Amino acid sequence: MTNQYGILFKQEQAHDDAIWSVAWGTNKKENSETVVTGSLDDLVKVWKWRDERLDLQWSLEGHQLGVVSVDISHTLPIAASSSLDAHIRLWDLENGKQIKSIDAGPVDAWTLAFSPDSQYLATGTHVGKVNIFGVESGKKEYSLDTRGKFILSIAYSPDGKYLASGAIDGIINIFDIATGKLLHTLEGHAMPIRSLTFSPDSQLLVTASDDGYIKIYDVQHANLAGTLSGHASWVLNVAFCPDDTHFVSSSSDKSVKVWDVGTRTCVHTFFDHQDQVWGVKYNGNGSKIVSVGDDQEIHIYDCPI
Amino acid sequence: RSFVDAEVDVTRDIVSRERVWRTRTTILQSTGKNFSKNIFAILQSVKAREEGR
Amino acid sequence: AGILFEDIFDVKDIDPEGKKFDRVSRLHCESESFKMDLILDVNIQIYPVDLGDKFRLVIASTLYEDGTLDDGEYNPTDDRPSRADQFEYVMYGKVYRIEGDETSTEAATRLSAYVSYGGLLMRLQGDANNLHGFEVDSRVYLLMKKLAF
Amino acid sequence: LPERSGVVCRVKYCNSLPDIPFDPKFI
Amino acid sequence: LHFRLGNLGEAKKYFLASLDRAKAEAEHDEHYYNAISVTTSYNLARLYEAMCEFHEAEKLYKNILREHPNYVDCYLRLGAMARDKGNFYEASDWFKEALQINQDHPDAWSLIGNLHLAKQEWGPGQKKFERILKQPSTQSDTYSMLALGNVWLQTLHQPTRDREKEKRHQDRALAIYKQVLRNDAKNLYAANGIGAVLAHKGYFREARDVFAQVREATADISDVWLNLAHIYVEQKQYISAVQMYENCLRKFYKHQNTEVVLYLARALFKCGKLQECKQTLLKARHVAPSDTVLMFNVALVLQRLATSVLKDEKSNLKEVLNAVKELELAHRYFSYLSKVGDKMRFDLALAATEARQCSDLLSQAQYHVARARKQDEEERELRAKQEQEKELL
């Protein structure tokens with residue numbers, strides 16, 4: 001355990017082209033950690049984190065226009081992936097085989113997120129609707145309508161009560177999962193919101209936009225809690241630490257910044273990337289951060305606990 | 001506002017001491033090359049073609 | 001045409017290892033648009049260049065703008081329009097070697113074209129799409145001019 | 001004769017002026 | 001000076017040290033050292049902006065406005081930050097405050113003009129720049145004249161059916177740029193504007209000569225690199241153009257500019273590099289997935305790739321099966337675009353034509369799948385023969 005932030009591992013040329021999304025999951029049976037990556041090279045790669053190194057387990061072929069988003073179930077050894085080809089695929093992480101393929105339609109699949117109970121898989125659409133697909137049924141079960149523009153980002157609250165969506169026109173919508181009712185519509189950003197995530201306690205909602213600012217909203221009262229600034233370009237992804245006090249952000253400025261929610265100050269900045277950093281995620285205990293970018297490299301940073 | 005208008009002399013004092021080298025005019029200029037002679041010759045050639053000469 | 005290559009270079013280092021000759025010095029330049037590496041020996045006496053100088057380099061296959069392909073003999077008396085009129089320094093020499101990251105499995109991504117200007121050497125190292133007119137054992141002109149900016 | 005369908009892209013020759021320079025002021 | 005060099009870390013130290021010293025020196029001449037404290041506080045705010053610590057920058061500018069409400073430059077930066085946040089409404093309000101303080105200030109009028117031009121509100125924007133040229137002290141202001149010239153230039157990017165109107169607009173833009181270049185022989189943007197009009201008039205050789213001179217004079221104008229790359233495409237020098245678009249993207253944009261990426265894709269397409277074109281268009285679509293033009297171009301590149309794989313009998317079964325799937329994607333996108341595509345950017349009849357052509361090719365593609373299966377099985381037989389002959393030896 002280092003009392004300072006630093007780069008621990010580097011996988012160069014992990015994919016043949018830009019890496020657009022990354023997910024970190026913990027296999028509770030073995031207490032072993034798994035990292036899933038999606039790239040423009042059409043492959044979803046599953047890596048096992050062991051002895052401070054990433055070992056390639058599976059190269060999952062099936063997408064045809066690059067993988068825009070990937071997610072890992074918090075309870076089951078199942079990962080989900082979406083592509084620009086608008087197809088959503090479910091993968092078995094133990095066998096490395098495709099479980100089911102959901103054809104969303106030419107414009108009905110974008111960013112992907114599993115429900116905390118892993119019963120449902122939500123995705124953004126071009127028509128401003130969030131489609132929810134049943135993981136077991138493999139069919140579209142219901143749809144939440146924002147009546148806005150293209151939904152670029154979505155996230156489930158870890159407690160399973162709220163579903164947030166960020167549109168290309170910068171508007172943020174928060175839906176009640178139990179009633180399916182639209183709870184709050186926030187002015188959000190004036191520019192596209194590429195990623196948003198709820199805190200582990202589900203009390204705060206963090207949003208990242210092309211305007212380069214990160215905003216923190218109180219989920220219970222829907223009030224703007226604070227605004228963070230420091231990236232020199234678009235903020236591409238944000239992920240909360242399981243400790244509820246820190247979250248990590250990535251930007252087109254090639255840097256990854258760690259922010260303290262209480263002090264609202266930048267705690268550390270990583271500059272190891274050579275190009276845009278499209279994805280960042282904390283491990284299941286918050287001690288390590290994974291990042292991916294257009295430079296085709298996967299970086300893992302060690303963090304003080 | 002009467003309290004705003006009373007303090008303009010102070011700001012005029014500050015601005016008299018400030019010096020700015022990059023302005024709306026100099027931001028548009030080349031460090032040393034003059035284009036007028038070369039470009040007007042090019043435009044003369046084009047003009048000759050438009051007039052069919 | 002016959003312009004085998006052309007770009008804006010800025011001098012990053014003069015004879016880095018120290019000056020080996022008096023009237024000749026190495027220029028370790030890098031280009032700006034095609035991102036090329038360049039090692040060039042210039043007669044630093046007739047055509048003095050300083051560090052940080054920017055020059056337009058135009059390696060040409062011939063000096064006639066109509067591309068009528070010279071025959072390599074020297075004759076100064078000629079009324080034909082020539083590229084040398086708008087250039088300050090002009091050399092002449094053969095390409096004597098072309099070298100890339102060739103592999104048994106795929107062609108080179110990068111090429112280094114070597115040129116000898118009657119003894120003064122040059123090496124234009126870039127990527128394998130710019131250096132296409134270059135072919136070993138063929139005459140080329142260097143046609144460079146310092147930029148008044 | 002049906003013109004072979006090219007990439008749908010309007011070429012625009014731009015002349016965008018730079019933002020106004022608010023450089024730090026010398027005293 | 002450190003700020004001008006980009007040494008923001010050193011600049012922070014020097015501006016803070018300057019403020020701390022002025023705070024100490026105020027005991028001797030409070031009025032003067034307070035004036036220094038204002039200029040240094042503004043510089044520090046600009047430094048925080050450069051460090052992107054915009055919350056502290058906004059806080060400092062508001063403090064300056066508490067003490068010196070006539071200090072116009074604080075309002076302009078607050079407006080600029082609001083503009084960069086994409087909040088153009090608030091930005092217009094901050095610039096209006098600046099004008100309520102100094103009604104003839106040329107930079108405030110220009111910033112408002114740029115807001116209107118950024119919104120493509122050509123009428124209001126033009127009025128804002130003409131308001132600058134009407135004052136005697138700025139009647140020859142080159143920035144305003146260039147802005148008006150650009151207003152006329154921007155009409156040329158629209159496909160205009162009236163050739164006389166197009167010519168009249170071209171001549172207005174060129175007349176303005178000529179006048180600016182007559183007043184200021186060193187003006188980079190007047191020269192580039194002339195080059196742009198010449199290129200639009202189709203005089204690509206002359207336009208090349210103009211842009212080449214502008215690039216010789218400065219390496220830092222992004223539009224000069226784009227204009228040169230466009231000419232290289234029109235002169236069929238695709239290999240050079242692709243390189244200029246890639247280097248332009250790496251040097252001037254901290255994010256992927258979708259218009260430039262589309263120009264790169266166009267050059268790669270004309271270059272026949274369909275695989276690189278596909279990947280480039282997907283990169284653009286990942287940034288702007290709602291843009292139907294990017295979707296159309298992807299569908300077109302997919303159709304071309306499938307057409308190529310299916311046309312050449314050398315293609316194996318894995319390749320042909322991928323081509324069939326890509327051609328069905330192409331047909332699916334063209335069928336969608338024929339219904340929802342942007343009528344102002346491209347003709348829906350084009351998409352309907354490609355949709356039909358995809359179905360026509362798909363019929364022949366299924367036959368090619370059988371052909372590929374046969375060819376692959378023949379290779380399997382040859383490989384088995386090779387293995388048994390190895391056992392014979």
# chains A, B, ... in the order shown; residues from 1 in each chain; ligands from 1
$ closest_atom_pairs --of "chain D" --to "chain B" --cutoff "7 Å" --atoms "only C-alpha atoms" --output "CSV"
residue,atom,partner,partner_atom,distance
D:20,CA,B:24,CA,5.9
D:21,CA,B:23,CA,6.2
D:23,CA,B:22,CA,6.9
D:25,CA,B:20,CA,5.4
D:26,CA,B:19,CA,5.0
D:27,CA,B:18,CA,4.9
$ interface_residues --of "chain E" --to "chain C" --cutoff "12 Å" --atoms "only C-alpha atoms" --output "number ranges by chain"
E: 186, 188, 212-220, 222, 224-226, 228-229, 235, 237-251, 271
$ interface_residues --of "chain A" --to "chain E" --cutoff "6 Å" --atoms "only C-alpha atoms" --output "ChimeraX atom specification"
/A:190,211,229-230,252-253
$ write_last_selection --atoms "N, CA, C and O atoms" --output "PDB file, in the first residue's frame"
ATOM      1  N   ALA A 190     -24.290  22.865 -20.668  1.00  0.00           N
ATOM      2  CA  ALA A 190     -24.746  23.387 -21.946  1.00  0.00           C
ATOM      3  C   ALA A 190     -24.200  22.566 -23.106  1.00  0.00           C
ATOM      4  O   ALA A 190     -24.629  22.763 -24.248  1.00  0.00           O
ATOM      5  N   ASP A 211     -17.840  20.557 -21.860  1.00  0.00           N
ATOM      6  CA  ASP A 211     -17.484  21.900 -21.425  1.00  0.00           C
ATOM      7  C   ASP A 211     -16.255  21.892 -20.525  1.00  0.00           C
ATOM      8  O   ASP A 211     -15.746  22.965 -20.183  1.00  0.00           O
ATOM      9  N   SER A 229     -13.518  22.109 -11.627  1.00  0.00           N
ATOM     10  CA  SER A 229     -12.850  22.501 -12.859  1.00  0.00           C
ATOM     11  C   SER A 229     -11.363  22.186 -12.770  1.00  0.00           C
ATOM     12  O   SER A 229     -10.773  22.218 -11.688  1.00  0.00           O
ATOM     13  N   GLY A 230     -10.763  21.875 -13.917  1.00  0.00           N
ATOM     14  CA  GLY A 230      -9.345  21.570 -13.960  1.00  0.00           C
ATOM     15  C   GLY A 230      -8.881  20.863 -15.216  1.00  0.00           C
ATOM     16  O   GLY A 230      -7.701  20.942 -15.572  1.00  0.00           O
ATOM     17  N   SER A 252     -10.031  14.296 -22.581  1.00  0.00           N
ATOM     18  CA  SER A 252      -9.366  14.375 -23.873  1.00  0.00           C
ATOM     19  C   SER A 252      -8.022  15.080 -23.790  1.00  0.00           C
ATOM     20  O   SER A 252      -7.237  14.995 -24.741  1.00  0.00           O
ATOM     21  N   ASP A 253      -7.743  15.768 -22.686  1.00  0.00           N
ATOM     22  CA  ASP A 253      -6.468  16.438 -22.451  1.00  0.00           C
ATOM     23  C   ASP A 253      -5.324  15.448 -22.113  1.00  0.00           C
ATOM     24  O   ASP A 253      -4.213  15.870 -21.773  1.00  0.00           O
TER      25      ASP A 253
END
$ interface_residues --of "chain E" --to "chain D" --cutoff "7 Å" --atoms "only C-alpha atoms" --output "ChimeraX atom specification"
/E:39,43,46,150,157,189,192-193,196,223,227,266,293,297
$ write_last_selection --atoms "N, CA, C and O atoms" --output "JSON list (two decimals), in the first residue's frame"
[["chain", "number", "residue", "atom", "x", "y", "z"],
["E", 39, "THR", "N", -3.85, 45.14, -11.25],
["E", 39, "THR", "CA", -3.33, 44.53, -12.47],
["E", 39, "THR", "C", -2.80, 43.12, -12.19],
["E", 39, "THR", "O", -3.06, 42.19, -12.97],
["E", 43, "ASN", "N", -3.97, 39.48, -13.76],
["E", 43, "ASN", "CA", -3.04, 38.52, -14.34],
["E", 43, "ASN", "C", -3.14, 37.15, -13.66],
["E", 43, "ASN", "O", -3.10, 36.11, -14.33],
["E", 46, "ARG", "N", -6.17, 35.40, -14.92],
["E", 46, "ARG", "CA", -5.90, 34.84, -16.24],
["E", 46, "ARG", "C", -5.04, 33.58, -16.12],
["E", 46, "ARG", "O", -5.22, 32.63, -16.89],
["E", 150, "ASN", "N", -15.72, 37.54, -43.58],
["E", 150, "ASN", "CA", -16.05, 36.15, -43.27],
["E", 150, "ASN", "C", -17.55, 35.93, -43.33],
["E", 150, "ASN", "O", -17.99, 34.83, -43.69],
["E", 157, "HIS", "N", -20.36, 28.49, -48.39],
["E", 157, "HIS", "CA", -20.39, 27.08, -48.03],
["E", 157, "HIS", "C", -21.76, 26.45, -48.26],
["E", 157, "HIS", "O", -21.87, 25.22, -48.29],
["E", 189, "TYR", "N", -4.82, 36.80, -42.08],
["E", 189, "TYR", "CA", -6.21, 36.41, -42.31],
["E", 189, "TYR", "C", -6.79, 37.06, -43.56],
["E", 189, "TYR", "O", -7.64, 36.45, -44.20],
["E", 192, "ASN", "N", -5.32, 34.68, -46.18],
["E", 192, "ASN", "CA", -6.04, 33.41, -46.14],
["E", 192, "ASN", "C", -7.46, 33.57, -46.67],
["E", 192, "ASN", "O", -7.98, 32.67, -47.33],
["E", 193, "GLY", "N", -8.13, 34.68, -46.36],
["E", 193, "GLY", "CA", -9.47, 34.92, -46.89],
["E", 193, "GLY", "C", -9.47, 34.98, -48.40],
["E", 193, "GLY", "O", -10.36, 34.42, -49.06],
["E", 196, "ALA", "N", -9.14, 31.53, -49.68],
["E", 196, "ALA", "CA", -10.40, 30.81, -49.52],
["E", 196, "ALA", "C", -11.38, 31.15, -50.64],
["E", 196, "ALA", "O", -12.01, 30.26, -51.22],
["E", 223, "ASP", "N", -6.83, 26.83, -39.80],
["E", 223, "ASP", "CA", -7.54, 26.89, -41.08],
["E", 223, "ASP", "C", -6.60, 26.88, -42.28],
["E", 223, "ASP", "O", -6.99, 26.43, -43.36],
["E", 227, "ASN", "N", -7.15, 24.29, -45.30],
["E", 227, "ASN", "CA", -7.28, 24.78, -46.67],
["E", 227, "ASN", "C", -6.25, 24.13, -47.59],
["E", 227, "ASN", "O", -6.57, 23.71, -48.71],
["E", 266, "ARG", "N", -12.90, 11.62, -45.86],
["E", 266, "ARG", "CA", -13.10, 11.88, -47.28],
["E", 266, "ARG", "C", -11.81, 11.66, -48.07],
["E", 266, "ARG", "O", -11.82, 11.02, -49.13],
["E", 293, "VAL", "N", -25.15, 12.26, -41.29],
["E", 293, "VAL", "CA", -24.15, 12.26, -42.36],
["E", 293, "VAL", "C", -23.04, 11.26, -42.06],
["E", 293, "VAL", "O", -22.58, 10.53, -42.94],
["E", 297, "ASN", "N", -22.14, 8.00, -44.32],
["E", 297, "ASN", "CA", -20.80, 7.71, -44.81],
["E", 297, "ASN", "C", -20.31, 6.35, -44.31],
["E", 297, "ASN", "O", -19.65, 5.61, -45.06]]
$ select_by_dssp --residues "chain C" --states "helix (DSSP H, G or I)" --output "VMD selection string"
chain C and resid 83 to 86
$ residues_around --residues "residue 65 of chain C" --least-positions-apart "3" --cutoff "12 Å" --atoms "only C-alpha atoms" --output "number ranges by chain"
C: 1-3, 60-62, 68-70, 80-86
$ write_last_selection --atoms "C-alpha atoms" --output "PDB file, in the first residue's frame"
ATOM      1  CA  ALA C   1       5.413  18.529 -61.780  1.00  0.00           C
ATOM      2  CA  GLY C   2       8.380  16.378 -60.721  1.00  0.00           C
ATOM      3  CA  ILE C   3       8.365  17.591 -57.087  1.00  0.00           C
ATOM      4  CA  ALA C  60      12.882  18.071 -57.022  1.00  0.00           C
ATOM      5  CA  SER C  61      13.556  15.684 -59.889  1.00  0.00           C
ATOM      6  CA  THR C  62      14.218  18.569 -62.315  1.00  0.00           C
ATOM      7  CA  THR C  68      10.823  18.244 -69.186  1.00  0.00           C
ATOM      8  CA  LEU C  69      13.509  16.131 -67.456  1.00  0.00           C
ATOM      9  CA  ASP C  70      17.081  17.489 -67.670  1.00  0.00           C
ATOM     10  CA  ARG C  80      13.911  28.387 -69.941  1.00  0.00           C
ATOM     11  CA  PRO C  81      12.071  29.182 -66.665  1.00  0.00           C
ATOM     12  CA  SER C  82      13.718  27.441 -63.714  1.00  0.00           C
ATOM     13  CA  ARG C  83      12.763  26.723 -60.093  1.00  0.00           C
ATOM     14  CA  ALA C  84      16.194  28.021 -59.050  1.00  0.00           C
ATOM     15  CA  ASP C  85      14.905  31.562 -59.696  1.00  0.00           C
ATOM     16  CA  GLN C  86      12.707  31.473 -56.561  1.00  0.00           C
TER      17      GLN C  86
END
$ residues_around --residues "segment 102-104 of chain A" --least-positions-apart "4" --cutoff "12 Å" --atoms "only C-alpha atoms" --output "ChimeraX atom specification"
/A:63,80-91,98,108-110,112,121-126,130-141 /E:329
$ residues_around --residues "residue 50 of chain A" --least-positions-apart "4" --cutoff "12 Å" --atoms "only C-alpha atoms" --output "list in words"
residues 9, 30, 31, 32, 33, 34, 35, 54, 55, 56 and 57 of chain A
$ residues_around --residues "residue 12 of chain C" --least-positions-apart "3" --cutoff "8 Å" --atoms "only C-alpha atoms" --output "tab-separated table (two decimals) with N, CA, C and O atoms, in the first residue's frame"
chain	number	residue	atom	x	y	z
C	27	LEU	N	22.92	19.79	-40.43
C	27	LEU	CA	21.70	20.41	-39.93
C	27	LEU	C	20.83	19.23	-39.53
C	27	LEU	O	20.49	18.39	-40.37
C	28	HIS	N	20.46	19.18	-38.26
C	28	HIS	CA	19.56	18.15	-37.76
C	28	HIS	C	18.19	18.80	-37.67
C	28	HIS	O	17.80	19.32	-36.62
C	29	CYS	N	17.46	18.78	-38.77
C	29	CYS	CA	16.16	19.43	-38.81
C	29	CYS	C	15.04	18.41	-38.69
C	29	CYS	O	15.22	17.21	-38.93
C	30	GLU	N	13.88	18.91	-38.30
C	30	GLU	CA	12.65	18.15	-38.27
C	30	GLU	C	11.62	18.98	-39.01
C	30	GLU	O	11.62	20.21	-38.89
C	51	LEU	N	20.92	28.12	-35.80
C	51	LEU	CA	19.97	27.26	-35.13
C	51	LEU	C	18.63	27.99	-35.07
C	51	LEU	O	18.57	29.22	-34.98
C	52	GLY	N	17.54	27.23	-35.13
C	52	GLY	CA	16.23	27.84	-35.13
C	52	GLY	C	15.82	28.49	-36.44
C	52	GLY	O	14.73	29.08	-36.49
$ residues_around --residues "segment 35-50 of chain B" --least-positions-apart "5" --cutoff "9 Å" --atoms "only C-alpha atoms" --output "PDB file with N, CA, C and O atoms, in the first residue's frame"
ATOM      1  N   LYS E 178      -9.387  42.150 -50.054  1.00  0.00           N
ATOM      2  CA  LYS E 178      -8.405  42.976 -50.752  1.00  0.00           C
ATOM      3  C   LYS E 178      -8.195  44.289 -50.015  1.00  0.00           C
ATOM      4  O   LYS E 178      -7.062  44.762 -49.887  1.00  0.00           O
ATOM      5  N   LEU E 181      -6.064  43.775 -46.961  1.00  0.00           N
ATOM      6  CA  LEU E 181      -4.667  43.557 -47.328  1.00  0.00           C
ATOM      7  C   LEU E 181      -4.020  44.834 -47.858  1.00  0.00           C
ATOM      8  O   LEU E 181      -2.794  44.973 -47.782  1.00  0.00           O
ATOM      9  N   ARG E 182      -4.817  45.763 -48.389  1.00  0.00           N
ATOM     10  CA  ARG E 182      -4.283  47.050 -48.825  1.00  0.00           C
ATOM     11  C   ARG E 182      -3.931  47.909 -47.618  1.00  0.00           C
ATOM     12  O   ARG E 182      -2.905  48.599 -47.610  1.00  0.00           O
ATOM     13  N   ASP E 184      -3.344  46.698 -44.475  1.00  0.00           N
ATOM     14  CA  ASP E 184      -2.356  45.976 -43.673  1.00  0.00           C
ATOM     15  C   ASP E 184      -1.724  44.846 -44.485  1.00  0.00           C
ATOM     16  O   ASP E 184      -2.278  43.747 -44.575  1.00  0.00           O
ATOM     17  N   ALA E 185      -0.560  45.131 -45.072  1.00  0.00           N
ATOM     18  CA  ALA E 185       0.165  44.188 -45.918  1.00  0.00           C
ATOM     19  C   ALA E 185       0.667  42.957 -45.169  1.00  0.00           C
ATOM     20  O   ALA E 185       1.049  41.980 -45.820  1.00  0.00           O
ATOM     21  N   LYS E 186       0.680  42.976 -43.839  1.00  0.00           N
ATOM     22  CA  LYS E 186       1.132  41.849 -43.029  1.00  0.00           C
ATOM     23  C   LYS E 186      -0.011  40.978 -42.521  1.00  0.00           C
ATOM     24  O   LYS E 186       0.241  40.011 -41.799  1.00  0.00           O
ATOM     25  N   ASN E 187      -1.251  41.283 -42.890  1.00  0.00           N
ATOM     26  CA  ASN E 187      -2.424  40.581 -42.372  1.00  0.00           C
ATOM     27  C   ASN E 187      -2.559  39.162 -42.934  1.00  0.00           C
ATOM     28  O   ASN E 187      -2.838  38.965 -44.120  1.00  0.00           O
ATOM     29  N   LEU E 188      -2.348  38.184 -42.049  1.00  0.00           N
ATOM     30  CA  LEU E 188      -2.398  36.753 -42.359  1.00  0.00           C
ATOM     31  C   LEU E 188      -3.798  36.299 -42.766  1.00  0.00           C
ATOM     32  O   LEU E 188      -3.959  35.519 -43.713  1.00  0.00           O
ATOM     33  N   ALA E 191      -4.983  37.509 -46.296  1.00  0.00           N
ATOM     34  CA  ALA E 191      -4.397  36.643 -47.314  1.00  0.00           C
ATOM     35  C   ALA E 191      -5.115  35.295 -47.346  1.00  0.00           C
ATOM     36  O   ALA E 191      -5.476  34.798 -48.420  1.00  0.00           O
ATOM     37  N   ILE E 194      -8.469  35.651 -48.978  1.00  0.00           N
ATOM     38  CA  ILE E 194      -8.359  35.715 -50.434  1.00  0.00           C
ATOM     39  C   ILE E 194      -8.164  34.311 -50.985  1.00  0.00           C
ATOM     40  O   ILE E 194      -8.777  33.927 -51.990  1.00  0.00           O
ATOM     41  N   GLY E 195      -7.291  33.533 -50.348  1.00  0.00           N
ATOM     42  CA  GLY E 195      -7.073  32.163 -50.782  1.00  0.00           C
ATOM     43  C   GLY E 195      -8.355  31.349 -50.741  1.00  0.00           C
ATOM     44  O   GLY E 195      -8.631  30.556 -51.642  1.00  0.00           O
ATOM     45  N   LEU E 198     -10.589  32.322 -53.624  1.00  0.00           N
ATOM     46  CA  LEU E 198     -10.050  31.786 -54.872  1.00  0.00           C
ATOM     47  C   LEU E 198     -10.301  30.285 -54.980  1.00  0.00           C
ATOM     48  O   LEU E 198     -10.628  29.780 -56.059  1.00  0.00           O
ATOM     49  N   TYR E 203     -10.148  28.256 -58.632  1.00  0.00           N
ATOM     50  CA  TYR E 203      -8.780  28.564 -59.056  1.00  0.00           C
ATOM     51  C   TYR E 203      -7.796  27.937 -58.058  1.00  0.00           C
ATOM     52  O   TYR E 203      -7.049  28.617 -57.360  1.00  0.00           O
ATOM     53  N   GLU E 206      -3.915  28.982 -58.014  1.00  0.00           N
ATOM     54  CA  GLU E 206      -3.695  30.296 -57.418  1.00  0.00           C
ATOM     55  C   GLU E 206      -3.983  30.269 -55.920  1.00  0.00           C
ATOM     56  O   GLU E 206      -3.240  30.856 -55.116  1.00  0.00           O
ATOM     57  N   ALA E 207      -5.053  29.582 -55.531  1.00  0.00           N
ATOM     58  CA  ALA E 207      -5.381  29.444 -54.120  1.00  0.00           C
ATOM     59  C   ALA E 207      -4.267  28.716 -53.381  1.00  0.00           C
ATOM     60  O   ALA E 207      -3.934  29.071 -52.245  1.00  0.00           O
ATOM     61  N   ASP E 209      -1.124  28.803 -54.169  1.00  0.00           N
ATOM     62  CA  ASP E 209      -0.015  29.751 -54.021  1.00  0.00           C
ATOM     63  C   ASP E 209      -0.247  30.726 -52.864  1.00  0.00           C
ATOM     64  O   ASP E 209       0.662  30.976 -52.050  1.00  0.00           O
ATOM     65  N   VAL E 210      -1.497  31.152 -52.683  1.00  0.00           N
ATOM     66  CA  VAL E 210      -1.834  32.031 -51.562  1.00  0.00           C
ATOM     67  C   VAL E 210      -1.693  31.303 -50.227  1.00  0.00           C
ATOM     68  O   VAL E 210      -1.020  31.791 -49.306  1.00  0.00           O
ATOM     69  N   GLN E 213       1.932  30.727 -49.258  1.00  0.00           N
ATOM     70  CA  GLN E 213       2.550  31.900 -48.641  1.00  0.00           C
ATOM     71  C   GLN E 213       2.092  32.095 -47.199  1.00  0.00           C
ATOM     72  O   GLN E 213       2.905  32.405 -46.312  1.00  0.00           O
ATOM     73  N   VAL E 214       0.806  31.868 -46.923  1.00  0.00           N
ATOM     74  CA  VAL E 214       0.359  32.063 -45.546  1.00  0.00           C
ATOM     75  C   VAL E 214       1.006  31.038 -44.624  1.00  0.00           C
ATOM     76  O   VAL E 214       1.435  31.376 -43.514  1.00  0.00           O
TER      77      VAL E 214
END
$ interface_residues --of "chain B" --to "chain C" --cutoff "10 Å" --atoms "only C-alpha atoms" --output "ChimeraX atom specification"
/B:30-34
$ select_by_dssp --residues "chain C" --states "strand (DSSP E or B)" --output "PyMOL selection string"
chain C and resi 3+7-14+24-31+37-43+54-57+60+64+82+89+92-100+110-117+120-127+139-141+144-146
$ write_last_selection --atoms "C-alpha atoms" --output "compact mmCIF listing (two decimals), in the first residue's frame"
# COMPACT_ATOMS: atom_id res chain seq x y z
CA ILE C 3 8.36 17.59 -57.09
CA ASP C 7 8.05 20.72 -46.67
CA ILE C 8 8.93 23.38 -44.10
CA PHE C 9 11.81 22.41 -41.83
CA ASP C 10 13.18 24.16 -38.75
CA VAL C 11 16.78 23.62 -37.67
CA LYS C 12 16.92 21.86 -34.31
CA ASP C 13 20.70 21.31 -34.09
CA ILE C 14 23.86 22.33 -35.98
CA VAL C 24 30.33 22.22 -44.15
CA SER C 25 28.06 21.55 -41.17
CA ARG C 26 25.25 19.15 -40.33
CA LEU C 27 21.70 20.41 -39.93
CA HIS C 28 19.56 18.15 -37.76
CA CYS C 29 16.16 19.43 -38.81
CA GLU C 30 12.65 18.15 -38.27
CA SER C 31 9.78 19.11 -40.54
CA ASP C 37 13.60 13.85 -39.83
CA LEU C 38 16.40 15.41 -41.82
CA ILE C 39 20.18 15.29 -41.72
CA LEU C 40 21.70 17.68 -44.24
CA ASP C 41 25.22 18.86 -45.00
CA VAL C 42 25.18 22.44 -46.24
CA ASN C 43 28.06 24.61 -47.36
CA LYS C 54 13.17 27.76 -40.79
CA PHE C 55 13.69 26.84 -44.45
CA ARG C 56 11.55 25.59 -47.32
CA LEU C 57 13.08 22.38 -48.71
CA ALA C 60 12.88 18.07 -57.02
CA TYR C 64 12.04 23.06 -65.25
CA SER C 82 13.72 27.44 -63.71
CA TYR C 89 20.39 27.43 -52.16
CA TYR C 92 22.45 18.40 -57.00
CA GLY C 93 23.11 14.78 -56.21
CA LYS C 94 22.14 11.16 -56.47
CA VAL C 95 19.99 9.06 -54.21
CA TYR C 96 22.28 6.24 -53.20
CA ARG C 97 20.29 4.27 -50.67
CA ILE C 98 16.73 3.84 -49.45
CA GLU C 99 16.18 2.11 -46.14
CA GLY C 100 13.09 1.30 -44.09
CA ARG C 110 9.05 4.38 -42.48
CA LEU C 111 11.68 5.12 -45.12
CA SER C 112 15.05 6.89 -44.91
CA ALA C 113 16.14 8.22 -48.29
CA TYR C 114 19.84 8.95 -48.55
CA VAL C 115 21.10 11.54 -51.02
CA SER C 116 24.68 12.50 -51.83
CA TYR C 117 25.18 15.99 -53.24
CA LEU C 120 27.70 16.39 -49.01
CA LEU C 121 25.32 13.83 -47.57
CA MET C 122 21.66 14.01 -46.59
CA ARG C 123 19.15 11.61 -45.07
CA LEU C 124 15.41 12.30 -45.26
CA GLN C 125 13.74 9.88 -42.83
CA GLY C 126 9.94 9.84 -42.82
CA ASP C 127 7.02 7.53 -43.48
CA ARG C 139 19.29 12.49 -59.74
CA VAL C 140 17.54 14.93 -57.41
CA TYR C 141 17.79 18.63 -56.58
CA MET C 144 15.97 25.10 -50.31
CA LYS C 145 15.24 28.69 -49.21
CA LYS C 146 15.37 30.33 -45.79
$ atom_distance --atom1 "atom CA of residue 115 of chain A" --atom2 "atom CA of residue 156 of chain A"
6.0 Å
$ atom_distance --atom1 "atom CA of residue 264 of chain E" --atom2 "atom CA of residue 204 of chain E"
19.1 Å
$ atom_distance --atom1 "atom CA of residue 381 of chain E" --atom2 "atom CA of residue 365 of chain E"
24.3 Å
